[PDB]
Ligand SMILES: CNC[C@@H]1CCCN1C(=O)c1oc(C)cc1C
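Before any questions on how it binds or moves, here is one chain, the form deposited without the ligand, in structure tokens.
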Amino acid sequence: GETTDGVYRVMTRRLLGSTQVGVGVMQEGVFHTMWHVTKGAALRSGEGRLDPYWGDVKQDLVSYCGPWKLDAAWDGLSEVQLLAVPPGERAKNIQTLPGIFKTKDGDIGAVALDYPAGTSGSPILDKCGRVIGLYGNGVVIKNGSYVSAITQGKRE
């Protein structure tokens, strides 16, 4: 199938027409998305088949064809870009300064941008274009606004 590095849409034909359920990152021959997007199911890429390799519901991440490859981290100071891939709309970079999710196990960056749920899996980038995490697992605040964790996996 298609194995070029880049950001990809995750689609289904189970519902009405073709529906975008999420987004993912192809890097080093491995497809990276959020667990809630595919529920661990196999994917199709033209004539090719992508099988799940690693996943964890609590981290809300899954890799296909190989182990998780993304290891860049937010520096805790600088602005970043959400490379948003919204349903039926063109890929768009949005620059923002992340906030923080404070948890009993440590702090994590958080991006406060409003996009439909089908945008889950869009990559968050540092100034050198390295993927520091995926957008799409977070919380809804008072006004109905959305704040996503910067969710990053471990490169073994």
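Residues carry their position along the shown sequence, with the first being 1.
Note that the form deposited with the ligand bound isn't included here; everything after this is about it.
S.K.: Flag residue 42 as yes or no: does it have a non-hydrogen atom within 4.5 angstroms of any non-hydrogen atom of the ligand in the entry with it bound?
M.R.: It does: once the ligand is placed as it appears in the entry with it bound, residue 42 has a heavy atom within 4.5 Å of it.
S.K.: Taking heavy atoms only, is residue 28 within 4.5 angstroms of the ligand in the entry with it bound?
M.R.: It does not: once the ligand is placed as it appears in the entry with it bound, residue 28 has no heavy atom within 4.5 Å of it.
S.K.: Taking the ligand as it sits in the entry with it bound, which residues of 42 to 60 have a non-hydrogen atom within 4.5 Å of it? Please list them.
M.R.: In sequence order, 42, 51, 52, 53, 54, 55 come within 4.5 Å of the partner.
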